[PDB]
Structures are given as structure tokens and as C-alpha cells.
Amino acid sequence: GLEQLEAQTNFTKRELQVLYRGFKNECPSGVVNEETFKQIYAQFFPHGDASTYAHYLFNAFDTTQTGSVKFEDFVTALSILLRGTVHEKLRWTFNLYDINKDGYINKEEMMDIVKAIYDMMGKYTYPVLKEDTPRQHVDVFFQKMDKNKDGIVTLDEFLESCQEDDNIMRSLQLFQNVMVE
Ligand SMILES: [Ca+2]
Ligand SMILES: [Ca+2]
């Protein structure tokens, strides 16, 4: 299904082969489980514990929710993360934070993800994420993004906030980018 795969992503046929080669190179069995994913991701952050964030990142890749990320799942997410539009990329990130796939983000979900990011960055969570604690960042995040103040952040509130603030966007995307470097 390389032809079906090429039609659905931003990659050519020969780029897909270069991607497959690298995929098997790192995943001999042809599929990636959580641990393998956590191992690979861990390296992007040696000064912290990125396993919990890598956990959320894994599920977002595992769209079929099979606990096993196939090559197409991998390319499908890369197609977006690597060469998707800001709109497409932000939607991917919103979906990552929307853990229960409510269609919305609550403070509890925000906390989980953000607590994962702080642990990942360790004590070197530079201005990327100011504020001493995750709880303090989450409250400042929601205040700015939850425009109608109903304690919920919808996709639209999320996009508008990001569109009107280069800072909010980075604190969200930064971690998705490290992978498409
Ligand atoms: Ca939700
Ligand atoms: Ca709201």
C-alpha cells in the first residue's frame, strides 16, 4: 500500500522507501512498541525523564489504538509533523493534549501533559516553559486560552490563542518538532 500511502501523505514514493529503510533500521520487527518508542525518544532529552511524555506521544502515533505502531502510522504522523501546515500541526498537538478525545482540553488533561513536559526537561526547562511548577504554567495557560472561561479549551480557542501568540505555540509544538529535526 505504498501507492495508497503516498496518496495520503506529503511524501513521494522514493522518500517513503528512504523512510522505511530508516524505520526497519531502528525497528527490526517492523513495528514499534511503547518501550522501544520511549527508548528512542528518551535520547532527545538526556537531562530529564521523557518516558511519560513519550507515553502520550506514543498513543497519538498509535491511532489504531493497537499498542503497536506500524510503519504507515509512523509516516502518517511524520507527514504532518514534518511537512504539514501550521493548522494541521496544531490540530495534531491539540489531539495529543485531548487525552480522552473529548474534543476539548480540561485542566486535568493539561496538567498531565505539562507535568510530563516538566519531568522531560528536568531542571533545565529554560524560558521554553517559565513558571516554577506545572500547576502554575497550566493555570496561566488556561487563563490565556479559555476565552469564554468555561474551564474548557476547544480546538477553536486553541487555534486562535496560538495564532495570536507565537509564545503559546512554541510551548506546545517545541516537543513535536525535536522529532522532525
Ligand atoms: Ca478531553
Ligand atoms: Ca472555553
# chains A, B, ... in the order shown; residues from 1 in each chain; ligands from 1

$ residues_around --residues "stretch 35-38 of chain A" --least-positions-apart "3" --cutoff "12 Å" --atoms "only C-alpha atoms" --output "compact mmCIF listing (two decimals) with N, CA and C atoms, in the first residue's frame"
# COMPACT_ATOMS: atom_id res chain seq x y z
N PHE A 23 13.28 3.13 9.20
CA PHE A 23 12.32 2.57 10.15
C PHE A 23 12.74 1.18 10.61
N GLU A 26 15.82 0.89 12.77
CA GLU A 26 15.59 1.12 14.19
C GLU A 26 14.59 0.13 14.79
N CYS A 27 13.73 -0.44 13.95
CA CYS A 27 12.71 -1.38 14.40
C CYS A 27 12.69 -2.62 13.52
N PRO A 28 13.63 -3.55 13.75
CA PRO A 28 13.80 -4.81 13.02
C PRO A 28 12.53 -5.64 12.81
N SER A 29 11.67 -5.71 13.81
CA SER A 29 10.44 -6.48 13.69
C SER A 29 9.41 -5.80 12.77
N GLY A 30 9.69 -4.56 12.39
CA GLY A 30 8.76 -3.86 11.52
C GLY A 30 7.71 -3.05 12.27
N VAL A 31 7.65 -3.19 13.58
CA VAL A 31 6.69 -2.42 14.36
C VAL A 31 7.35 -1.86 15.60
N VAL A 32 6.75 -0.82 16.17
CA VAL A 32 7.30 -0.17 17.35
C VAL A 32 6.35 -0.27 18.53
N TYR A 41 12.85 8.01 21.98
CA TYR A 41 12.54 9.39 22.35
C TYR A 41 13.39 9.90 23.49
N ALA A 42 13.64 9.05 24.48
CA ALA A 42 14.45 9.43 25.63
C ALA A 42 15.71 10.22 25.25
N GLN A 43 16.37 9.79 24.18
CA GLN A 43 17.58 10.44 23.73
C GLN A 43 17.47 11.92 23.41
N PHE A 44 16.29 12.38 22.99
CA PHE A 44 16.12 13.80 22.69
C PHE A 44 16.16 14.63 23.98
N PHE A 45 16.16 13.96 25.13
CA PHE A 45 16.16 14.63 26.43
C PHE A 45 16.94 13.86 27.51
N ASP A 49 13.46 13.01 32.39
CA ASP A 49 12.76 11.75 32.20
C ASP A 49 11.60 12.03 31.25
N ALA A 50 11.81 11.68 29.98
CA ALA A 50 10.82 11.91 28.93
C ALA A 50 9.90 10.72 28.68
N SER A 51 10.00 9.69 29.51
CA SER A 51 9.19 8.50 29.34
C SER A 51 7.68 8.75 29.42
N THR A 52 7.24 9.58 30.36
CA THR A 52 5.80 9.85 30.46
C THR A 52 5.30 10.65 29.24
N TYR A 53 6.08 11.62 28.78
CA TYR A 53 5.66 12.39 27.61
C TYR A 53 5.71 11.47 26.40
N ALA A 54 6.77 10.66 26.31
CA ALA A 54 6.90 9.73 25.20
C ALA A 54 5.68 8.80 25.21
N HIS A 55 5.13 8.56 26.39
CA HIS A 55 3.94 7.73 26.52
C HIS A 55 2.76 8.37 25.79
N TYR A 56 2.56 9.66 26.02
CA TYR A 56 1.46 10.37 25.37
C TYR A 56 1.73 10.48 23.88
N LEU A 57 3.00 10.68 23.53
CA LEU A 57 3.40 10.80 22.14
C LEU A 57 3.12 9.47 21.40
N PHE A 58 3.38 8.36 22.09
CA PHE A 58 3.16 7.04 21.52
C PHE A 58 1.69 6.83 21.14
N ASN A 59 0.79 7.08 22.10
CA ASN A 59 -0.65 6.91 21.87
C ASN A 59 -1.14 7.73 20.68
N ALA A 60 -0.63 8.96 20.55
CA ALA A 60 -1.01 9.82 19.44
C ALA A 60 -0.55 9.23 18.10
N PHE A 61 0.54 8.46 18.12
CA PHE A 61 1.04 7.81 16.91
C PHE A 61 0.20 6.57 16.67
N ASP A 62 -0.16 5.90 17.76
CA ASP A 62 -0.94 4.67 17.69
C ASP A 62 -2.42 4.99 17.50
N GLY A 67 -1.62 -0.57 20.36
CA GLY A 67 -0.47 -0.72 21.22
C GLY A 67 0.76 -1.02 20.37
N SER A 68 0.58 -1.03 19.06
CA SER A 68 1.67 -1.30 18.13
C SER A 68 1.69 -0.32 16.95
N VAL A 69 2.72 0.51 16.87
CA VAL A 69 2.81 1.47 15.77
C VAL A 69 3.48 0.89 14.53
N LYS A 70 2.69 0.74 13.47
CA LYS A 70 3.19 0.20 12.20
C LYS A 70 3.91 1.31 11.45
N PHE A 74 3.56 5.56 11.53
CA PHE A 74 4.77 6.33 11.71
C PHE A 74 4.92 7.42 10.66
N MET A 120 10.34 15.86 31.66
CA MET A 120 11.18 15.63 30.49
C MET A 120 12.33 16.63 30.40
N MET A 179 11.47 15.89 16.97
CA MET A 179 11.42 14.63 16.24
C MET A 179 11.60 14.77 14.73

$ residues_near_ligand --ligand "ligand 1" --cutoff "9 Å" --atoms "only C-alpha atoms and all ligand atoms" --output "compact mmCIF listing (two decimals) with C-alpha atoms, in the first residue's frame"
# COMPACT_ATOMS: atom_id res chain seq x y z
CA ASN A 95 -5.39 15.92 19.72
CA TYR A 97 -3.43 17.01 24.73
CA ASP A 98 -7.05 15.93 24.35
CA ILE A 99 -6.27 12.63 26.07
CA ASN A 100 -9.88 11.43 26.38
CA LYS A 101 -10.67 12.57 22.83
CA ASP A 102 -13.46 14.73 24.26
CA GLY A 103 -12.86 17.30 21.57
CA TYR A 104 -11.81 19.59 24.39
CA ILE A 105 -8.96 20.03 26.86
CA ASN A 106 -9.64 20.36 30.59
CA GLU A 108 -6.70 17.86 34.39
CA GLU A 109 -5.56 16.81 30.89
CA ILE A 152 -12.66 24.13 28.83
CA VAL A 153 -10.38 24.76 25.83
CA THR A 154 -11.88 23.85 22.48

$ residues_around --residues "residue A:169" --least-positions-apart "5" --cutoff "10 Å" --atoms "only C-alpha atoms" --output "JSON, numbers by chain"
{"A": [86, 90, 93, 158, 159, 161, 162, 163, 164, 174]}

$ write_last_selection --atoms "C-alpha atoms" --output "PDB file, in the first residue's frame"
ATOM      1  CA  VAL A  86       0.662  25.077  10.936  1.00  0.00           C
ATOM      2  CA  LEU A  90      -1.605  22.425  15.735  1.00  0.00           C
ATOM      3  CA  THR A  93      -0.963  18.739  19.024  1.00  0.00           C
ATOM      4  CA  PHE A 158      -6.657  26.639  20.945  1.00  0.00           C
ATOM      5  CA  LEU A 159      -6.051  27.739  17.355  1.00  0.00           C
ATOM      6  CA  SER A 161      -4.685  31.601  21.021  1.00  0.00           C
ATOM      7  CA  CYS A 162      -1.787  30.057  19.086  1.00  0.00           C
ATOM      8  CA  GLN A 163      -2.472  32.241  16.069  1.00  0.00           C
ATOM      9  CA  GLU A 164      -2.422  35.374  18.207  1.00  0.00           C
ATOM     10  CA  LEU A 174       8.576  22.560  20.555  1.00  0.00           C
TER      11      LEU A 174
END

$ residues_around --residues "stretch 6-17 of chain A" --least-positions-apart "3" --cutoff "12 Å" --atoms "only C-alpha atoms" --output "count of residues only"
23

$ select_by_dssp --residues "chain A" --states "alpha helix (DSSP H)" --output "PyMOL selection string"
chain A and resi 2-8+13-26+34-42+51-61+71-83+86-97+107-121+134-145+155-163+166-177

$ closest_residue --among "A:107, A:135, A:123, A:47" --to "residue A:151" --atoms "only C-alpha atoms"
A:107

$ closest_residue --among "A:148, A:143, A:25, A:173" --to "ligand 2" --atoms "only C-alpha atoms and all ligand atoms"
A:148

$ atom_distance --atom1 "atom CA of residue A:168" --atom2 "atom CA of residue A:110"
13.4 Å

$ select_by_dssp --residues "chain A" --states "strand (DSSP E or B)" --output "JSON, numbers by chain"
{"A": [32, 69, 104, 105, 153, 154]}

$ write_last_selection --atoms "N, CA, C and O atoms" --output "PDB file, in the first residue's frame"
ATOM      1  N   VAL A  32       6.750  -0.817  16.167  1.00  0.00           N
ATOM      2  CA  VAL A  32       7.298  -0.168  17.349  1.00  0.00           C
ATOM      3  C   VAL A  32       6.351  -0.274  18.531  1.00  0.00           C
ATOM      4  O   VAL A  32       5.181   0.097  18.424  1.00  0.00           O
ATOM      5  N   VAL A  69       2.723   0.513  16.874  1.00  0.00           N
ATOM      6  CA  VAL A  69       2.815   1.473  15.775  1.00  0.00           C
ATOM      7  C   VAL A  69       3.481   0.889  14.530  1.00  0.00           C
ATOM      8  O   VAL A  69       4.673   0.585  14.528  1.00  0.00           O
ATOM      9  N   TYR A 104     -12.181  18.456  23.549  1.00  0.00           N
ATOM     10  CA  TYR A 104     -11.814  19.587  24.386  1.00  0.00           C
ATOM     11  C   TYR A 104     -10.679  19.216  25.336  1.00  0.00           C
ATOM     12  O   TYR A 104     -10.403  18.040  25.557  1.00  0.00           O
ATOM     13  N   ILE A 105     -10.041  20.235  25.905  1.00  0.00           N
ATOM     14  CA  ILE A 105      -8.959  20.034  26.860  1.00  0.00           C
ATOM     15  C   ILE A 105      -9.352  20.635  28.203  1.00  0.00           C
ATOM     16  O   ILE A 105      -9.698  21.812  28.279  1.00  0.00           O
ATOM     17  N   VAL A 153     -11.058  24.179  26.989  1.00  0.00           N
ATOM     18  CA  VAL A 153     -10.381  24.759  25.831  1.00  0.00           C
ATOM     19  C   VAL A 153     -10.766  23.922  24.633  1.00  0.00           C
ATOM     20  O   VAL A 153     -10.472  22.733  24.569  1.00  0.00           O
ATOM     21  N   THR A 154     -11.448  24.545  23.685  1.00  0.00           N
ATOM     22  CA  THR A 154     -11.884  23.853  22.478  1.00  0.00           C
ATOM     23  C   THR A 154     -10.814  23.976  21.413  1.00  0.00           C
ATOM     24  O   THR A 154      -9.846  24.713  21.574  1.00  0.00           O
TER      25      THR A 154
END

$ closest_residue --among "A:178, A:155, A:111, A:96" --to "ligand 2" --atoms "only C-alpha atoms and all ligand atoms"
A:155

$ atom_distance --atom1 "atom CA of residue A:172" --atom2 "atom CA of residue A:141"
10.4 Å

$ closest_residue --among "A:156, A:150, A:165, A:34" --to "residue A:65" --atoms "only C-alpha atoms"
A:34

$ decode --residues "stretch 1-63 of chain A" --atoms "C-alpha atoms" --output "mmCIF file, in the first residue's frame"
data_model
loop_
_atom_site.group_PDB
_atom_site.id
_atom_site.type_symbol
_atom_site.label_atom_id
_atom_site.label_comp_id
_atom_site.auth_asym_id
_atom_site.auth_seq_id
_atom_site.Cartn_x
_atom_site.Cartn_y
_atom_site.Cartn_z
ATOM 1 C CA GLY A 1 0.000 0.000 0.000
ATOM 2 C CA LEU A 2 2.878 2.357 -0.757
ATOM 3 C CA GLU A 3 0.776 3.933 -3.515
ATOM 4 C CA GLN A 4 -2.132 4.384 -1.131
ATOM 5 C CA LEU A 5 0.301 5.667 1.468
ATOM 6 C CA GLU A 6 1.849 8.158 -0.943
ATOM 7 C CA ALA A 7 -1.594 9.444 -1.893
ATOM 8 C CA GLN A 8 -2.454 10.121 1.757
ATOM 9 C CA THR A 9 0.755 11.828 2.919
ATOM 10 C CA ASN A 10 3.194 14.531 1.854
ATOM 11 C CA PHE A 11 5.829 12.051 0.667
ATOM 12 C CA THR A 12 6.878 10.701 -2.730
ATOM 13 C CA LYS A 13 7.374 7.008 -3.445
ATOM 14 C CA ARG A 14 11.154 7.112 -3.142
ATOM 15 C CA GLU A 15 11.041 9.244 0.006
ATOM 16 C CA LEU A 16 8.796 6.592 1.521
ATOM 17 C CA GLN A 17 11.422 3.943 0.770
ATOM 18 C CA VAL A 18 14.121 6.017 2.453
ATOM 19 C CA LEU A 19 11.774 6.317 5.438
ATOM 20 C CA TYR A 20 11.065 2.600 5.518
ATOM 21 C CA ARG A 21 14.786 1.804 5.413
ATOM 22 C CA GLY A 22 15.387 4.022 8.424
ATOM 23 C CA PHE A 23 12.321 2.572 10.152
ATOM 24 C CA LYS A 24 13.444 -1.059 9.968
ATOM 25 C CA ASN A 25 16.969 0.058 10.818
ATOM 26 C CA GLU A 26 15.593 1.116 14.189
ATOM 27 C CA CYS A 27 12.710 -1.381 14.401
ATOM 28 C CA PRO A 28 13.795 -4.809 13.022
ATOM 29 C CA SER A 29 10.437 -6.482 13.687
ATOM 30 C CA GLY A 30 8.757 -3.860 11.524
ATOM 31 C CA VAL A 31 6.686 -2.415 14.356
ATOM 32 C CA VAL A 32 7.298 -0.168 17.349
ATOM 33 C CA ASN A 33 6.018 -0.868 20.844
ATOM 34 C CA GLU A 34 5.867 1.668 23.640
ATOM 35 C CA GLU A 35 9.199 0.818 25.296
ATOM 36 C CA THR A 36 11.059 0.987 22.026
ATOM 37 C CA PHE A 37 9.359 4.318 21.392
ATOM 38 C CA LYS A 38 10.241 5.549 24.860
ATOM 39 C CA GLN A 39 13.842 4.443 24.399
ATOM 40 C CA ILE A 40 14.232 6.231 21.078
ATOM 41 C CA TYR A 41 12.537 9.389 22.345
ATOM 42 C CA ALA A 42 14.452 9.430 25.633
ATOM 43 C CA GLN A 43 17.585 10.437 23.734
ATOM 44 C CA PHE A 44 16.121 13.798 22.688
ATOM 45 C CA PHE A 45 16.161 14.630 26.429
ATOM 46 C CA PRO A 46 19.148 13.235 28.435
ATOM 47 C CA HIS A 47 18.726 15.769 31.257
ATOM 48 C CA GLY A 48 15.278 14.572 32.235
ATOM 49 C CA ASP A 49 12.764 11.746 32.203
ATOM 50 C CA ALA A 50 10.821 11.908 28.928
ATOM 51 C CA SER A 51 9.186 8.499 29.344
ATOM 52 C CA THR A 52 5.803 9.854 30.457
ATOM 53 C CA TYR A 53 5.665 12.393 27.608
ATOM 54 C CA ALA A 54 6.900 9.728 25.198
ATOM 55 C CA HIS A 55 3.944 7.726 26.524
ATOM 56 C CA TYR A 56 1.459 10.368 25.370
ATOM 57 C CA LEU A 57 3.397 10.797 22.140
ATOM 58 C CA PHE A 58 3.158 7.038 21.521
ATOM 59 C CA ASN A 59 -0.645 6.913 21.866
ATOM 60 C CA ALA A 60 -1.005 9.825 19.445
ATOM 61 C CA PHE A 61 1.039 7.813 16.911
ATOM 62 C CA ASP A 62 -0.939 4.674 17.694
ATOM 63 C CA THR A 63 -4.161 5.839 16.002
#
